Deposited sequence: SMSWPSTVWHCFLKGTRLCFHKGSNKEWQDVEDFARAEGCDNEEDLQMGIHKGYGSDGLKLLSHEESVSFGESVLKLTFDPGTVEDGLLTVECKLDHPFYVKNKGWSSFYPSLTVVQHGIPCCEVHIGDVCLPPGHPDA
């Protein structure tokens, strides 16, 4: 609808931290450090979308953050847990732009959003349905 913000890797914005449940690195890593380290252990990861399974809120170094767990749809690829800002937007298949905090997303990105819920399939930029 409104055009994509600048993503670092998959649908994830700057400041996101990634924790892959499977593979050679199961530690938390900054998304930019990860994207630089790739070209490529995770090529194509989540290319059909990332289904949100769970969410919670936390504080990290004085900042309120979300912690989310996503399913890419293949057991062998494994789940992904991320830490992201409260205003992180997601482009949900069959629903469009969504956020856990639509008003904070408006201020930070200018994008009007529905509310995200468990079950939503979050698409990467350039997915055919995105």
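Exercise for the section: In sequence order, name the stretches of the deposited sequence that have no C-alpha in these coordinates. Expected result: Unobserved in coordinates, per deposited numbering: 40-48, one stretch.
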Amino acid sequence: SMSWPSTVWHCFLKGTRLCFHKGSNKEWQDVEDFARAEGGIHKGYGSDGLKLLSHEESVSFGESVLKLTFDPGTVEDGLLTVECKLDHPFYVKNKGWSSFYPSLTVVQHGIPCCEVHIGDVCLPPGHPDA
From here on, numbers count along this sequence of modelled residues.
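Exercise for the section: Could you settle it for me: does 11-19 or 107-115 have the higher average Cα B factor in the PDB entry? Expected result: Per the PDB record, 107-115.
Practice task
Name the higher of the two by mean Cα B-factor in the PDB entry, 41-49 versus 54-62.
Solution key: Averaged over C-alpha atoms, the B-factors run higher in 41-49.
Practice task
Sort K67, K26, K93, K85 by C-alpha B-factor from the entry and give me just the highest.
Solution key: Highest CA B-factor of the listed options: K26.
Handout entry: Where the record places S98 (Cα B-factor, split into thirds across the chain)
Key = Middle third by C-alpha B-factor.
Practice task
Place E76 in the lowest, middle or highest third of its chain's C-alpha B-factors, as listed in the PDB entry.
Solution key: Highest third - that is where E76 ends up once the chain's C-alpha B-factors are sorted.
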